[PDB]
Amino acid sequence: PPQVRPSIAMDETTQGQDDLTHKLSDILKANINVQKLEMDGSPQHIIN
Amino acid sequence: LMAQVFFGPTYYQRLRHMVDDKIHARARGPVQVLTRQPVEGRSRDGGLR
RNA sequence: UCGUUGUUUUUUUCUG
């Protein structure tokens, strides 16, 4: 949940993303990306 | 006084570590968001470790 | 109209 990875506040209004948030979002993007290779040209080297 | 005393002027210099800059107490107050524990630092009503 | 909240991250020079 957010508690484990709370959103820091660099200066009042602007809140930065905890490293865990960036990492989870990146893993989510990559997972979506793998899900998108199979539907098109996936020449066994993009996949790898 | 039954004994005598060494006595004279000497060069003494004050130092930056005034007491009021170190005294501190905390009954309750701000807590770290992540851990819900008292914050660190005298200037923020920190808590002793 | 009680209520009423104030950053992290490093590095530094210091104190016992």
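Protein chains in written order, with the numbering used here: chain A, 1171 to 1218; chain B, 18 to 66.
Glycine residues also receive a C-beta, built at the ideal position from the N, C-alpha and C atoms.
(request) Return the CA-CA distance between residue 1218 of chain A and residue 1195 of chain A, expressed in angstroms with no decimal places. (result) Cα atoms of residue 1218 of chain A and residue 1195 of chain A: separation of roughly 21 Å, rounded to the nearest angstrom.
(message) Less than 8 Å between C-beta atoms, sequence neighbours within five positions excluded: which residues of the same chain meet that for residue 47 of chain B?
(response) 55, 56, 61 and 62, listed in sequence order.
(request) Using DSSP bridges, identify the partner residues of residue 52 of chain B. (result) Residue 52 of chain B is not bridged to any residue.
(request) Look up residue 1178 of chain A in the DSSP assignment and give the residues it is bridged to. (result) The bridge partners DSSP lists for residue 1178 of chain A are A/1186.
(request) Go through its chain and collect everything with a Cβ distance to residue 1283 of chain A's Cβ below 6 Å, but skip five positions before and after it. (result) With chain A represented from 1171 up to 1218, any question about residue 1283 of chain A goes unanswered, as that position is not in the structure.
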